[PDB]
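What follows is a short report on a single structure.
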Amino acid sequence: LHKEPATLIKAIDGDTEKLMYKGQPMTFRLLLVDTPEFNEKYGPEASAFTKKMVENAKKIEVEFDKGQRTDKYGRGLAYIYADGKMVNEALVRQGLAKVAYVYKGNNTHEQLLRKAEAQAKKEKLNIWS
Ligand SMILES: Cc1cn([C@H]2C[C@H](OP(=O)(O)O)[C@@H](COP(=O)(O)O)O2)c(=O)[nH]c1=O
Ligand SMILES: [Ca+2]
Numbered sequence: 089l090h091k092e093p094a095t096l097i098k099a100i101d102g103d104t105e106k107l108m109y110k111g112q113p114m115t116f117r118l119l120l121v122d123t124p125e126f127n134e135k136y137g138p139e140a141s142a143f144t145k146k147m148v149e150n151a152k153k154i155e156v157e158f159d160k161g162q163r164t165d166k167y168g169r170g171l172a173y174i175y176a177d178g179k180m181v182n183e184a185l186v187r188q189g190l191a192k193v194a195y196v197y198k199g200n201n202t203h204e205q206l207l208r209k210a211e212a213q214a215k216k217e218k219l220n221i222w223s
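Shown next, in the form of structure tokens:
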């Protein structure tokens with residue numbers, strides 16, 4: 089897989105964000121994770143965590159996996175990086191997301207994110223508390 093440029097347009101919530109990719113605005117849904125909705135427990139925290147991470151970054155990158163690049167809603171499906179740190183992993187490591195929606199053929203970072211979930215779960219963080 090390879091990283092590609094993008095710039096923040098607007099944070100949306102824990103696992104969706106509006107980015108400019110190849111010069112076009114797109115809503116991106118983070119692969120392999122599920123954050124609570126804003127109205134749910136930990137949803138406000140998930141939203142703030144992603145928003146801070148992507149807004150503070152000097153450099154946003156998108157990384158598509160090997161399979162479908164957009165979902166049935168027109169959202170791009172990617173790993174998003176903020177100054178080289180993967181937002182998908184960082185949410186899971188903090189117990190602000192669950193590993194979820196693992197579909198074969200877009201699951202390259204599955205095991206990395208499960209390792210992070212296991213550690214958030216150990217530490218009883220947030221969703222695991
Ligand atoms: C993360 C992801 C979600 N989706 C679809 C599955 C779900 O369909 P349904 O809308 O029918 O429940 C929905 C979950 O996204 P959200 O967690 O953002 O709602 O997005 C994919 O198709 N591919 C993906 O990789
Ligand atoms: Ca969600």
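With UniProt numbering applied, the sequence shown covers 89 to 127, 134 to 223. The beta-carbon is built from N, C-alpha and C at its ideal position, and this holds for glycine as well.
Rounded Cβ spacing between residue i and residue j (contact assumed at less than 8 angstroms)
i    : j    : result
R117 : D159 : That pair is no contact at about 12 angstroms.
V181 : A210 : So it is not a contact: roughly 12 angstroms between Cβ atoms.
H203 : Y167 : 22 angstroms between Cβ atoms; not a contact.
Own chain, CB closer than 8 angstroms to residue i, minus 5 neighbours either side, in chain order
i    : result
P124 : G102, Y136, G137, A140, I221
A194 : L120, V121, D122
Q188 : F143, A214, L219, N220
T95  : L107, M108, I154
Closer than 7 angstroms: residue i CB and nearest ligand 2 heavy atom
i    : result
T123 : yes
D103 : yes
Residue i Cβ short of 7 angstroms to ligand 1 heavy atom set
i    : result
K198 : no
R187 : no
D165 : yes
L119 : yes
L89  : no
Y136 : no
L190 : no
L171 : yes
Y195 : yes
Beta-carbon contacts of residue i that lie in its chain and below 7 angstroms, excluding the five residues immediately before and after
i    : result
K145 : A99
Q162 : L171, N200
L206 : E183
Simplified DSSP state of residue i, which is helix, strand or coil
i    : result
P138 : helix
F143 : helix
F116 : strand
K91  : coil
Beta-carbon proximity list for residue i, same chain, < 6 angstroms, skipping 5 on both sides
i    : result
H90  : none
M147 : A176, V181
field: Start-end ranges of the alpha helix (DSSP H) lying completely within the stretch 195-221, minimum 4 residues
entry: 204-216
- request: Quick one: which unbroken alpha helix (DSSP H) runs of 4-plus residues sit fully inside the stretch 145-188? Chain order, please.
  value: 181-187
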